[PDB]
Amino acid sequence: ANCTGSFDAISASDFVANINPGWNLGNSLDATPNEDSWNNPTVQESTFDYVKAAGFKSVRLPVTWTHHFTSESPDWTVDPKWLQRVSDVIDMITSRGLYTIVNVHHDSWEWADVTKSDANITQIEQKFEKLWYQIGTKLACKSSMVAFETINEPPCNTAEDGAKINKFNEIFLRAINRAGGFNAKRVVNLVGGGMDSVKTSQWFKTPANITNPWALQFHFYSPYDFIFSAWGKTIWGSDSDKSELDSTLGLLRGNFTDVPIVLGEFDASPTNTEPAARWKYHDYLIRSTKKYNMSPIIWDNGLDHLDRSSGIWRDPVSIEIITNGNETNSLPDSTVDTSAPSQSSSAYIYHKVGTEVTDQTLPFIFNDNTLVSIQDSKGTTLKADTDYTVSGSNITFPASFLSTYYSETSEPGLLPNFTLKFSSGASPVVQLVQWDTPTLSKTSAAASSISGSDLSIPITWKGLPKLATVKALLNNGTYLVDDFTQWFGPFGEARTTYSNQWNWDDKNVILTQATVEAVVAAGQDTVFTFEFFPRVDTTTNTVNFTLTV
Ligand SMILES: *[C@@H]1O[C@H](CO)[C@@H](O[C@@H]2O[C@H](CO)[C@@H](O[C@@H]3O[C@H](CO[C@H]4O[C@H](CO[C@H]5O[C@H](CO)[C@@H](O)[C@H](O)[C@@H]5O)[C@@H](O)[C@H](O[C@H]5O[C@H](CO)[C@@H](O)[C@H](O)[C@@H]5O)[C@@H]4O)[C@@H](O)[C@H](O[C@H]4O[C@H](CO[C@H]5O[C@H](CO)[C@@H](O)[C@H](O)[C@@H]5O)[C@@H](O)[C@H](O)[C@@H]4O[C@H]4O[C@H](CO)[C@@H](O)[C@H](O)[C@@H]4O[C@H]4O[C@H](CO)[C@@H](O)[C@H](O)[C@@H]4O)[C@@H]3O)[C@H](O)[C@H]2NC(C)=O)[C@H](O)[C@H]1NC(C)=O
Ligand SMILES: *[C@@H]1O[C@H](CO)[C@@H](O[C@@H]2O[C@H](CO)[C@@H](O[C@@H]3O[C@H](CO[C@H]4O[C@H](CO)[C@@H](O)[C@H](O[C@H]5O[C@H](CO)[C@@H](O)[C@H](O)[C@@H]5O)[C@@H]4O)[C@@H](O)[C@H](O[C@H]4O[C@H](CO)[C@@H](O)[C@H](O)[C@@H]4O[C@H]4O[C@H](CO)[C@@H](O)[C@H](O)[C@@H]4O[C@H]4O[C@H](CO)[C@@H](O)[C@H](O)[C@@H]4O)[C@@H]3O)[C@H](O)[C@H]2NC(C)=O)[C@H](O)[C@H]1NC(C)=O
Ligand SMILES: *[C@@H]1O[C@H](CO)[C@@H](O[C@@H]2O[C@H](CO)[C@@H](O[C@@H]3O[C@H](CO[C@H]4O[C@H](CO)[C@@H](O)[C@H](O[C@H]5O[C@H](CO)[C@@H](O)[C@H](O)[C@@H]5O)[C@@H]4O)[C@@H](O)[C@H](O[C@H]4O[C@H](CO)[C@@H](O)[C@H](O)[C@@H]4O)[C@@H]3O)[C@H](O)[C@H]2NC(C)=O)[C@H](O)[C@H]1NC(C)=O
Ligand SMILES: *[C@@H]1O[C@H](CO)[C@@H](O[C@@H]2O[C@H](CO)[C@@H](O)[C@H](O)[C@H]2NC(C)=O)[C@H](O)[C@H]1NC(C)=O
Ligand SMILES: *[C@@H]1O[C@H](CO)[C@@H](O)[C@H](O)[C@H]1NC(C)=O
Ligand SMILES: *[C@@H]1O[C@H](CO)[C@@H](O)[C@H](O)[C@H]1NC(C)=O
Ligand SMILES: *[C@H]1O[C@H](CO)[C@@H](O)[C@H](O)[C@@H]1O
């Protein structure tokens, strides 16, 4: 390959500084078999106008190559139309002034999984080398704003696996260097096992005689329970929560003291996480990437953050937090005690149908900013000292003001919200919610009658149309799954896990087919308690469904 442009060489350190912060074009070129095969339509270039406008400096471009080969051994030819598609999307990004990182993505487990017992490691190496030679050839003449990343989250359980991941980095470096063009001075992102901080620290080794400018990329989706909505965890922000996060990043940095580091994916998704906890978490994560000189890139699958059809960011507070890391954020406080028998959140003003409208006081973590103004979502700035007062860290809304937004009898649902403008940092949003205890169309079912598939139960949402968690208890008191949640306090004991065991959609709460098969195996009627926000206690805002055996 021969290039006719110029190339502005950049060090890995300067590249990693320049890309902070990044955003992922998730579930697109990484979707299988085609870019519109999952939830997102065909990629359109205005999507990158929105990303640029929000303050991101870079776009990570996950690409899954598995379903775009037109031959197998020994050439492993990639469809030139797919290589052209990847090339053109990269051009969409860099022509708007955004840096790019492009990779090999779900290939990692679809065919390149070195941990499977039947894996032919020779063929994996061979196909991987051909793939990166062809990618590197097609992309050889891209500017220095385009970096290459070895492979996404490669499955890796043992040090023997970790040597094979090191070999991936070497095969990759050799392929792109033979491809030529500008690749010898192109910034690259090398990877460790599962892209996990500990596996990387344990087994990653710099490729001998490396000459590309290089950075290490890892992903961070901890703590599991909050990020994946496991075991009823719906809070984040205690001293130990922060210590676990700060430690995980610091032990990684402590093993790679002079290596530029890219945090290539993270996300407390607005779809499943509670906002006040989510904002404390994103705030603390950004603070920690700044402590340990890491550049973060948020994961967004198309439904998490940006709506690409409208340009609306579903969670504007998180985006502000991530794109303005030099600024201190004032945040709504929230319960962070797992032993607390009630959970509160200053990201919300909650009112129950059929109760009187009362004053509501929301504690905030001001972090030495001042409150400048508040504005509702209809465009009205509220009147300070009439519509709200400030006392210390507390923001109080009087009952007479709130009674202009809801009453004892108005319908349950989402009402206007309030955007709080502070001296500096992000502008948090307080969502008014009129809520009641949801009802279900059905209260029991035989498990035998409804197996082979998920169980969808129609529901009348009354307030937030989201599920917080599901408790599952056999008739004799044994937990349906995961006995160890008995140590997780009043809101965690006997609770089950999002997507694995339960879900929800617009009209239904859902028990998965695996959940149903667990009941049949237990041989015992099981009570499912669907639990909703607010989590004022363990029973009030909840409804039961019994699977019979
Ligand atoms: C969705 O479904 C779930 C599951 O079906 C529903 O949950 C269930 O709700 C019912 C109803 O609320 C609960 O019943 C209560 O149980 C109380 C004891 O609970 C504890 O023990 C049980 C049993 O444990 C054994 O069995 C299990 C097998 O499953 C074994 O594993 C275990 O080892 C034991 O062997 C436990 O199951 C229970 O666990 C739950 O809670 C713990 C604690 O957090 C959780 O960790 C668990 O995960 C689980 O969630 C717990 O360990 C029992 O005390 C209580 O009986 C009193 O109250 C009754 C109702 O009183 C109200 O109504 C009356 C009018 O009818 C009013 O007068 C009254 O004031 C009140 O308003 C009374 O009818 C009854 O007589 C008892 O009254 C006494 O106590 C009252 C409360 O103080 C007093 O007000 C009374 O005056 C009276 O006091 C007098 O008597 C006592 C005792 O004699 C004296 O001490 C006292 O001094 C005084 O003289 C009730 O039976 C059930 O526990 C719960 N089950 C589960 C699994 O959660 C859920 O509601 C539903 N949700 C929805 C939204 O629909
Ligand atoms: C505070 O309160 C605020 C006020 O209530 C609240 O704001 C609301 O926030 C929600 C969520 O962020 C917004 O909902 C989205 O609305 C999108 C459409 O918006 C346009 O049309 C609306 C109706 O007329 C207008 O209200 C809106 O006007 C506003 O915005 C303009 C742009 O700034 C502005 O110019 C206007 O003046 C005005 O300010 C706008 O014109 C809608 O597209 C979006 O739906 C997607 O996301 C849902 C999940 O949130 C999905 O369920 C849904 O299916 C859509 O996702 C699909 O499409 C995506 C894009 O392609 C894909 O990536 C997805 O995967 C998914 O794909 C499926 O469907 C495709 C077909 O569509 C198909 O191709 C795929 O195969 C797949 O099947 C969402 O509903 C709402 O607009 C906001 N309201 C207002 C008034 O602003 C705010 O959230 C509150 N703040 C906080 C912090 O709580
Ligand atoms: C670089 O990255 C690595 C990987 O993350 C970091 O190493 C890890 O550090 C943490 C914190 O110091 C360690 O956690 C502790 O683990 C001990 C048990 O350690 C023993 O068992 C391990 C399991 O196989 C083994 O890996 C260890 O081997 C190391 O240590 C020996 C002896 O020093 C040494 O000879 C080896 O060569 C290895 O270096 C070891 O044999 C456990 O007892 C601890 O519990 C205490 O602390 C926690 C902290 O909160 C507390 O909660 C408990 O109550 C208890 O008080 C603790 O969990 C982890 O084991 C280390 N992992 C490895 C593989 O070494 C390393 O710190 C990073 N370096 C820098 C500079 O940041
Ligand atoms: C902020 O708001 C909380 C809640 O109203 C206040 O805490 C309460 O203080 C009174 C004492 O005046 C106690 O009786 C309550 O039990 C407290 N409630 C709690 C701790 O949840 C707090 O004082 C307020 N701070 C201000 C106004 O500066
Ligand atoms: C593994 O694949 C290579 C290349 O496709 C092939 O030559 C080799 O014989 C295979 N080995 C086994 C054990 O199947
Ligand atoms: C409850 O029933 C399950 C059903 O398999 C059984 O495994 C468990 O031992 C039982 N526990 C008690 C306390 O009865
Ligand atoms: C969370 O904190 C609030 C404080 O406003 C309480 O009212 C609630 O019961 C929970 O403790």
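Here, residue 1 is the first one in the sequence, and each next residue gets the next number. Just follow the structure's listing: the first ligand is 1, and inside any ligand the first atom is 1.
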| task | Verify the contact flag for atom 25 (N) of ligand 4, where contact means a protein heavy atom under 4.0 Å away. | result | yes
Atom pairs, nitrogen or oxygen, ligand 6 to protein, under 3.5 angstrom:
{"unit_1": "ligand 6", "atom_1": "2 (O)", "unit_2": "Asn476", "atom_2": "ND2", "d": "2.3"}
{"unit_1": "ligand 6", "atom_1": "2 (O)", "unit_2": "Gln524", "atom_2": "NE2", "d": "2.7"}
{"unit_1": "ligand 6", "atom_1": "5 (O)", "unit_2": "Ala522", "atom_2": "O", "d": "3.4"}
{"unit_1": "ligand 6", "atom_1": "11 (N)", "unit_2": "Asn476", "atom_2": "ND2", "d": "2.9"}
{"unit_1": "ligand 6", "atom_1": "11 (N)", "unit_2": "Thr478", "atom_2": "OG1", "d": "3.0"}
{"unit_1": "ligand 6", "atom_1": "14 (O)", "unit_2": "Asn476", "atom_2": "ND2", "d": "2.7"}

| field | Distance from atom 5 (O) of ligand 4 to nearest protein heavy atom, with residue and atom | value | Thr361 CG2, 4.5 Å
| Is the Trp38 to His106 ring centre distance short of 6.0 Å? | yes
| request: Look up atom 10 (C) of ligand 4 and tell me if a protein heavy atom lies less than 4.0 Å from it? | output: no
| note | For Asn394, the ligand 4 atoms with a heavy-atom partner under 4.0 Å come out as 1 (C), 2 (O), 3 (C), 22 (C), 24 (C), 25 (N), 26 (C), 27 (C)
| request: Check whether any protein heavy atom sits under 4.0 Å from atom 28 (O) of ligand 4. | output: yes
| message | Looking only at side-chain N and O atoms, does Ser240 offer a donor or acceptor that is under 3.5 Å from a partner on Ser238? | response | yes
| Is there side-chain contact between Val430 and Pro428, with heavy atoms separated by less than 4.5 Å? | no
| Residues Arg495, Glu531: salt bridge by 4.0 Å N-O rule | yes
| Which word best sums up how the rings of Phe397 and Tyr388 line up, parallel for under 30°, tilted for 30 to 60°, or perpendicular for over 60°? | tilted
| Basic-acidic side-chain contact under 4.0 Å: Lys280, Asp333 | yes
| message | When you measure from atom 19 (C) of ligand 4 to the protein, is at least one non-hydrogen atom found at a distance under 4.0 Å? | response | no
| task | Identify whether the distance between the nearest side-chain nitrogen and carboxylate oxygen of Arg535 and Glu274 falls below 4.0 Å. | result | no
| task | Can you confirm whether something in the protein, heavy atoms only, sits under 4.0 Å from atom 3 (C) of ligand 4? | result | yes
| request: On the 0 to 90° scale, with breaks at 30° and 60°, tag the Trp236-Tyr281 ring pair as parallel, tilted or perpendicular. | output: perpendicular
| query | Can a donor-acceptor pair be found between the side chains of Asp107 and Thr66 at a distance below 3.5 Å? | reply | yes
| How are the rings of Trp502 and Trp504 set to each other: parallel, tilted or perpendicular (split at 30° and 60°)? | parallel
| Taking any residue with a non-hydrogen atom under 4.0 angstrom from an atom of ligand 1, which ones do you get? | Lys471, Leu473, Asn475, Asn476, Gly477, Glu493, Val527, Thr539, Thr542, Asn544
| query | Donor-acceptor pair, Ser269 side chain versus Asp304 backbone, under 3.5 Å? | reply | no
| query | Is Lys199 salt-bridged to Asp161, going by a charged N under 4.0 Å from an acidic O? | reply | no
| Can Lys462 be said to sit on top of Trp435's aromatic six-ring, NZ or CZ under 6.0 Å from centre and within 45° of the ring axis? | no
